[PDB]
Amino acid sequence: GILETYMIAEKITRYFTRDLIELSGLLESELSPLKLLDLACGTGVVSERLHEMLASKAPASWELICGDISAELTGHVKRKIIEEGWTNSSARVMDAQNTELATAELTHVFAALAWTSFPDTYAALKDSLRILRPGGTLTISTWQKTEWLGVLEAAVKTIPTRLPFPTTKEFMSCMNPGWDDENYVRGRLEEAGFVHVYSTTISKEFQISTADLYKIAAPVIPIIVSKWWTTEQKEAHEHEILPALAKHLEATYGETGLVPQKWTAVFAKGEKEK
């Protein structure tokens, strides 16, 4: 049912899929037959970009699997496969920590903005390592700075009480700390047995509508409140957050309705030996 909120999110994550595919080396791979996995695919933005960037290639030269833990999202990708006529693509519900795909028969695994969500991140790395063929590549990205958070911070400041609010580091570190750091990420892939691990940081500058920024912040408010507010603060003031965000958005960005944004993700790649 939280499919409607991923529809807003995918407007942003689309800006990060091309660098993921470029980083992976897929467009210059001599591995054959190409067998790709869009792991934790959400609404399938990586799969979208794969079919665009591979448009010149013989459609029989590659196949794609899309997997997500959610059945609503998988079903969305499955309807996309059918509507767009992706005959070489299939979608299935799967757990990234234990995919039940066959050992050593993928050439590339792509996992965009997902690894921080995995409760056992090492188990997901070993599984992806297992399902890759020798010489195959795992390519991932994770958020490091997402600038909607600061717009919400400013909104919360206008609330008539000094209320706690997390910094980017405190927020990003809520689950799986360290994945917002390119050096930590590289070490984790190296410790799992990937070789030729490379890590970097990539920013995108874009504009988002005030309305879209509201819809992004709304599902995250109860999470922020539960972890950084006392229960007394939650019960006295949570109902004030959304009204103040809307008020702050229009007063600050209402002339054009556009919010300039700069988000940064770490990207990383690792290879299975041989």
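The first residue of the sequence shown is number 1, and the count goes up from there.
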Given the B-factors recorded for C-alpha atoms, which segment has the greater mean, 173 to 181 or 110 to 118?
173 to 181
Mean Cα B-factor check, 199 to 207 vs 157 to 165, entry values; winner is 157 to 165
Between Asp68, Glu63, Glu48, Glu30, let me know which has the highest C-alpha B-factor in the entry?
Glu30
Where does the C-alpha B-factor of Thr139 rank in its chain, lowest, middle or highest third?
lowest
Assigned third (lowest, middle, highest) for the C-alpha B factor of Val259
middle
In terms of the chain's CA B-factor thirds, is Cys41 lowest, middle or highest?
lowest
Comparing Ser90 with the other modelled residues of its chain, is its CA B-factor in the lowest, middle or highest third?
lowest
Compared with the other modelled residues in the chain, in which third is the CA B-factor of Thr99?
highest
